[PDB]
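**Q** If it helps, the file is called query_26.cif and holds mmCIF, C-alpha atoms:
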data_my_file
#
loop_
_atom_site.group_PDB
_atom_site.id
_atom_site.type_symbol
_atom_site.label_atom_id
_atom_site.label_comp_id
_atom_site.auth_asym_id
_atom_site.auth_seq_id
_atom_site.Cartn_x
_atom_site.Cartn_y
_atom_site.Cartn_z
ATOM 1 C CA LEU A 30 5.513 -1.022 12.785
ATOM 2 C CA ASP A 31 8.814 0.729 12.217
ATOM 3 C CA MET A 32 11.138 -2.449 12.240
ATOM 4 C CA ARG A 33 11.010 -5.622 10.157
ATOM 5 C CA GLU A 34 13.133 -8.758 10.734
ATOM 6 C CA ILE A 35 13.997 -11.181 7.923
ATOM 7 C CA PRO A 36 15.607 -14.495 8.993
ATOM 8 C CA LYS A 37 18.639 -15.306 6.881
ATOM 9 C CA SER A 38 17.617 -18.899 6.257
ATOM 10 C CA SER A 39 14.490 -17.558 4.520
ATOM 11 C CA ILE A 40 16.798 -16.016 1.840
ATOM 12 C CA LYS A 41 18.772 -18.150 -0.627
ATOM 13 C CA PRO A 42 22.478 -17.554 0.084
ATOM 14 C CA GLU A 43 22.971 -16.446 -3.478
ATOM 15 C CA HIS A 44 20.397 -13.708 -2.907
ATOM 16 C CA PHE A 45 22.031 -12.131 0.202
ATOM 17 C CA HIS A 46 23.678 -9.606 -2.113
ATOM 18 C CA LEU A 47 20.307 -8.338 -3.202
ATOM 19 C CA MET A 48 19.112 -7.353 0.275
ATOM 20 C CA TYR A 49 20.624 -3.862 -0.234
ATOM 21 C CA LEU A 50 17.717 -3.252 -2.698
ATOM 22 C CA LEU A 51 15.411 -3.085 0.326
ATOM 23 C CA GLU A 52 17.161 0.111 1.425
ATOM 24 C CA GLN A 53 17.687 1.709 -2.005
ATOM 25 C CA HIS A 54 15.669 4.882 -2.533
ATOM 26 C CA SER A 55 12.570 4.291 -4.632
ATOM 27 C CA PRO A 56 9.926 6.879 -5.604
ATOM 28 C CA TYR A 57 7.252 4.384 -4.551
ATOM 29 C CA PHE A 58 8.468 3.447 -1.065
ATOM 30 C CA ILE A 59 9.245 4.914 2.356
ATOM 31 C CA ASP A 60 12.998 5.210 2.760
ATOM 32 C CA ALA A 61 14.501 2.352 4.721
ATOM 33 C CA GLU A 62 17.756 1.297 6.330
ATOM 34 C CA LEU A 63 19.191 -2.280 6.338
ATOM 35 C CA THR A 64 21.224 -3.828 9.148
ATOM 36 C CA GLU A 65 22.681 -7.332 9.171
ATOM 37 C CA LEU A 66 22.715 -9.341 12.396
ATOM 38 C CA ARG A 67 24.212 -12.812 12.942
ATOM 39 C CA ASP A 68 21.149 -14.735 11.762
ATOM 40 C CA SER A 69 18.787 -12.076 10.337
ATOM 41 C CA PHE A 70 18.491 -8.855 8.441
ATOM 42 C CA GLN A 71 16.560 -5.955 9.978
ATOM 43 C CA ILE A 72 14.898 -3.022 8.242
ATOM 44 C CA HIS A 73 14.043 0.309 9.895
ATOM 45 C CA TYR A 74 11.731 2.747 8.162
ATOM 46 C CA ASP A 75 12.247 6.505 8.000
ATOM 47 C CA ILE A 76 8.753 7.788 8.773
ATOM 48 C CA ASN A 77 8.961 11.568 8.872
ATOM 49 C CA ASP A 78 6.703 14.554 8.402
ATOM 50 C CA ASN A 79 6.779 14.679 4.619
ATOM 51 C CA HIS A 80 4.864 11.391 4.487
ATOM 52 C CA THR A 81 1.167 11.519 5.435
ATOM 53 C CA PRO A 82 -0.426 8.262 6.629
ATOM 54 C CA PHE A 83 -3.516 7.085 4.752
ATOM 55 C CA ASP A 84 -5.764 7.454 7.769
ATOM 56 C CA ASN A 85 -5.140 11.218 7.844
ATOM 57 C CA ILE A 86 -7.189 11.674 4.664
ATOM 58 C CA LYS A 87 -10.482 10.678 6.326
ATOM 59 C CA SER A 88 -11.097 14.230 7.520
ATOM 60 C CA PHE A 89 -10.208 15.868 4.179
ATOM 61 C CA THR A 90 -12.597 17.801 2.034
ATOM 62 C CA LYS A 91 -14.304 15.539 -0.429
ATOM 63 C CA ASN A 92 -12.342 16.940 -3.451
ATOM 64 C CA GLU A 93 -8.895 16.420 -1.820
ATOM 65 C CA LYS A 94 -9.928 13.043 -0.415
ATOM 66 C CA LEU A 95 -10.941 11.904 -3.884
ATOM 67 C CA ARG A 96 -7.704 13.244 -5.398
ATOM 68 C CA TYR A 97 -5.668 11.195 -2.938
ATOM 69 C CA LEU A 98 -7.830 8.092 -3.432
ATOM 70 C CA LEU A 99 -7.545 8.360 -7.223
ATOM 71 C CA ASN A 100 -3.773 8.637 -6.933
ATOM 72 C CA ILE A 101 -3.460 5.321 -5.043
ATOM 73 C CA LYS A 102 -3.588 3.492 -8.387
ATOM 74 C CA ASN A 103 -0.086 4.888 -9.102
ATOM 75 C CA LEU A 104 1.284 2.092 -6.885
ATOM 76 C CA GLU A 105 0.630 -0.219 -9.811
ATOM 77 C CA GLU A 106 3.864 1.274 -11.208
ATOM 78 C CA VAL A 107 5.648 -0.938 -8.628
ATOM 79 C CA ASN A 108 4.678 -4.032 -10.578
ATOM 80 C CA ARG A 109 7.173 -3.130 -13.362
ATOM 81 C CA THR A 110 10.011 -3.144 -10.871
ATOM 82 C CA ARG A 111 11.702 -5.850 -8.826
ATOM 83 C CA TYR A 112 9.722 -4.842 -5.717
ATOM 84 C CA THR A 113 6.415 -5.956 -4.215
ATOM 85 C CA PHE A 114 4.159 -4.115 -1.780
ATOM 86 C CA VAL A 115 1.103 -4.510 0.439
ATOM 87 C CA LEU A 116 -1.978 -2.273 -0.007
ATOM 88 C CA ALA A 117 -3.351 -1.464 3.479
ATOM 89 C CA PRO A 118 -3.833 1.534 5.812
ATOM 90 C CA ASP A 119 -0.678 0.882 7.820
ATOM 91 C CA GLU A 120 1.281 0.328 4.590
ATOM 92 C CA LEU A 121 0.174 3.424 2.708
ATOM 93 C CA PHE A 122 1.468 6.977 2.949
ATOM 94 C CA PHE A 123 1.271 10.061 0.732
ATOM 95 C CA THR A 124 3.817 12.591 -0.372
ATOM 96 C CA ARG A 125 3.169 16.328 -0.088
ATOM 97 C CA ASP A 126 1.772 16.109 -3.647
ATOM 98 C CA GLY A 127 -0.689 13.368 -2.704
ATOM 99 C CA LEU A 128 1.154 10.537 -4.446
ATOM 100 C CA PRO A 129 1.116 7.109 -2.750
ATOM 101 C CA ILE A 130 4.101 5.535 -1.065
ATOM 102 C CA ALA A 131 4.267 2.011 0.394
ATOM 103 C CA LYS A 132 6.192 0.794 3.438
ATOM 104 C CA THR A 133 7.043 -2.925 3.389
ATOM 105 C CA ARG A 134 8.923 -4.106 0.303
ATOM 106 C CA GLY A 135 9.398 -7.581 -1.066
ATOM 107 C CA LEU A 136 11.534 -8.647 -3.982
ATOM 108 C CA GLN A 137 10.252 -10.855 -6.720
ATOM 109 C CA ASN A 138 11.451 -14.412 -6.457
ATOM 110 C CA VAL A 139 13.613 -13.396 -3.490
ATOM 111 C CA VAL A 140 11.733 -12.333 -0.375
ATOM 112 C CA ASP A 141 8.110 -11.881 0.691
ATOM 113 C CA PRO A 142 5.623 -10.242 0.480
ATOM 114 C CA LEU A 143 4.338 -12.016 -2.482
ATOM 115 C CA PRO A 144 2.291 -9.940 -4.886
ATOM 116 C CA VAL A 145 -1.519 -10.172 -4.652
ATOM 117 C CA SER A 146 -3.929 -11.019 -7.472
ATOM 118 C CA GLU A 147 -5.487 -8.189 -9.374
ATOM 119 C CA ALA A 148 -8.779 -9.201 -7.712
ATOM 120 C CA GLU A 149 -7.311 -8.829 -4.214
ATOM 121 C CA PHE A 150 -5.718 -5.456 -5.101
ATOM 122 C CA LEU A 151 -9.199 -4.303 -6.174
ATOM 123 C CA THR A 152 -10.841 -5.533 -2.968
ATOM 124 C CA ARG A 153 -8.201 -3.733 -0.884
ATOM 125 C CA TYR A 154 -8.595 -0.524 -2.937
ATOM 126 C CA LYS A 155 -12.351 -0.668 -2.440
ATOM 127 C CA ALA A 156 -11.856 -1.115 1.282
ATOM 128 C CA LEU A 157 -9.593 1.946 1.405
ATOM 129 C CA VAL A 158 -12.234 4.020 -0.409
ATOM 130 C CA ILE A 159 -14.936 2.880 2.033
ATOM 131 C CA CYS A 160 -12.721 3.623 5.032
ATOM 132 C CA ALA A 161 -11.812 7.067 3.704
ATOM 133 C CA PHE A 162 -15.547 7.938 3.543
ATOM 134 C CA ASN A 163 -16.508 6.476 6.954
ATOM 135 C CA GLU A 164 -13.978 6.622 9.767
ATOM 136 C CA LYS A 165 -15.945 4.016 11.754
ATOM 137 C CA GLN A 166 -15.194 1.248 9.208
ATOM 138 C CA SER A 167 -12.516 -1.397 9.642
ATOM 139 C CA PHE A 168 -10.304 -2.117 6.628
ATOM 140 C CA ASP A 169 -9.540 -5.568 7.976
ATOM 141 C CA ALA A 170 -13.213 -6.393 8.458
ATOM 142 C CA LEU A 171 -13.969 -5.323 4.892
ATOM 143 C CA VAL A 172 -11.102 -7.302 3.358
ATOM 144 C CA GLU A 173 -11.924 -10.403 5.500
ATOM 145 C CA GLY A 174 -15.685 -10.410 4.986
ATOM 146 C CA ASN A 175 -18.104 -11.524 2.289
ATOM 147 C CA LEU A 176 -17.961 -8.144 0.615
ATOM 148 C CA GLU A 177 -21.191 -8.320 -1.358
ATOM 149 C CA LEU A 178 -23.096 -9.123 1.850
ATOM 150 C CA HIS A 179 -21.883 -5.814 3.375
ATOM 151 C CA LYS A 180 -24.585 -3.709 5.023
ATOM 152 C CA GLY A 181 -23.864 -0.004 4.656
ATOM 153 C CA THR A 182 -24.652 3.049 2.613
ATOM 154 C CA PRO A 183 -25.594 3.293 -1.066
ATOM 155 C CA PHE A 184 -22.143 4.779 -1.745
ATOM 156 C CA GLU A 185 -20.498 1.706 -0.236
ATOM 157 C CA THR A 186 -22.585 -0.625 -2.421
ATOM 158 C CA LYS A 187 -21.536 1.255 -5.553
ATOM 159 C CA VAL A 188 -17.872 0.966 -4.538
ATOM 160 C CA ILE A 189 -18.256 -2.740 -3.803
ATOM 161 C CA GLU A 190 -19.997 -3.440 -7.075
ATOM 162 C CA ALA A 191 -17.406 -1.717 -9.321
ATOM 163 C CA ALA A 192 -16.501 -4.559 -11.558
ATOM 164 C CA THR A 193 -12.912 -3.673 -12.376
ATOM 165 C CA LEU A 194 -10.193 -1.274 -11.352
ATOM 166 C CA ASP A 195 -10.929 0.968 -14.295
ATOM 167 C CA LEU A 196 -14.656 1.149 -13.351
ATOM 168 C CA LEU A 197 -13.714 1.967 -9.734
ATOM 169 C CA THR A 198 -11.567 4.831 -11.089
ATOM 170 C CA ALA A 199 -14.479 5.987 -13.207
ATOM 171 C CA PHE A 200 -16.779 5.917 -10.208
ATOM 172 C CA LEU A 201 -14.314 7.971 -8.141
ATOM 173 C CA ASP A 202 -13.878 10.491 -10.965
ATOM 174 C CA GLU A 203 -17.679 10.805 -11.210
ATOM 175 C CA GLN A 204 -17.945 11.714 -7.452
ATOM 176 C CA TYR A 205 -16.340 15.134 -8.089
#
Could you quickly redo this structure as structure tokens?

**A**
Amino acid sequence: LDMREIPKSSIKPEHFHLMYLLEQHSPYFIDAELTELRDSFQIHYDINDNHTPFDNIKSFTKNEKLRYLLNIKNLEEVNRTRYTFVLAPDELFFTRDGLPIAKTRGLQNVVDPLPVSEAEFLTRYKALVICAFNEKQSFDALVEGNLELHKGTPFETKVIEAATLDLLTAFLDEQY
């Protein structure tokens, strides 16, 4: 969870000189360190106390939980940059202000991860909301299942049915 290996043959030779971007400070990502081996690049993540894992929010007061959940949408700012990210519990951290920070970084047209459709970003966001409100739930199971066939609480149905990202935001705002 704290190391990533990238084989060199997966990277076009003319893109080697961009791998340093994976260790450049970004306000949207965990700080990272790049090393270069014979046949691969490796990344180590700096995961320290100022970054709160997503799963820690499950025990928060409803107000603060909702604040953090609402702020997750700020990761959409990453789409204007070179970088890509994955939305998932083990990929998501928060600053001391409750702003989201991702771990793994790709680079457009250069190295995976590939970005996900808007629809799959919404499903993953929904799954995070559900997990934050019920610690028994599995993010993976929610993302992998037939979501509208989910059996759960009325709250969970409302989250699942939110038609768009903006309507999910509106639902979350309404829960205050």

**Q** So which residues get picked by the PyMOL selection byres ((chain A and resi 203) around 12) here, written as a VMD selection string?

**A** chain A and resid 92 95 to 96 99 187 to 188 196 to 202 204 to 205

**Q** As JSON, please: the centre and edge lengths in Å, to one decimal, of an axis-aligned box enclosing every listed atom of segment 174-182 of chain A with 5 Å added on each side.

**A**
{"center_x": -20.2, "center_y": -4.2, "center_z": 1.8, "size_x": 19.0, "size_y": 24.6, "size_z": 16.4}

**Q** I need the residue nearest residue 47 of chain A from this list: A:146, A:193, A:138, A:163. Use all atoms listed in the file for the distance.

**A**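 That would be A:138, the residue with the smallest distance to residue 47 of chain A.
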
**Q** Evaluate the PyMOL selection byres ((chain A and resi 141) around 10) against this structure - the residues, as a list in words, please.

**A**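 Applying the expression gives residues 35, 39, 40, 112, 113, 114, 133, 134, 135, 136, 137, 138, 139, 140, 142, 143 and 144 of chain A.
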
**Q** Give as number ranges by chain the residues that the PyMOL selection byres ((chain A and resi 101) around 12) matches when applied to the coordinates above.

**A** A: 57, 83, 94-100, 102-107, 116-118, 120-124, 127-131, 150-151, 153-155, 157-158, 194, 197-198, 201

**Q** Measure the distance from atom CA of residue 125 of chain A to atom CA of residue 60 of chain A in Å and round it to one decimal.

**A**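 Between these atoms lies a distance of 15.1 Å.
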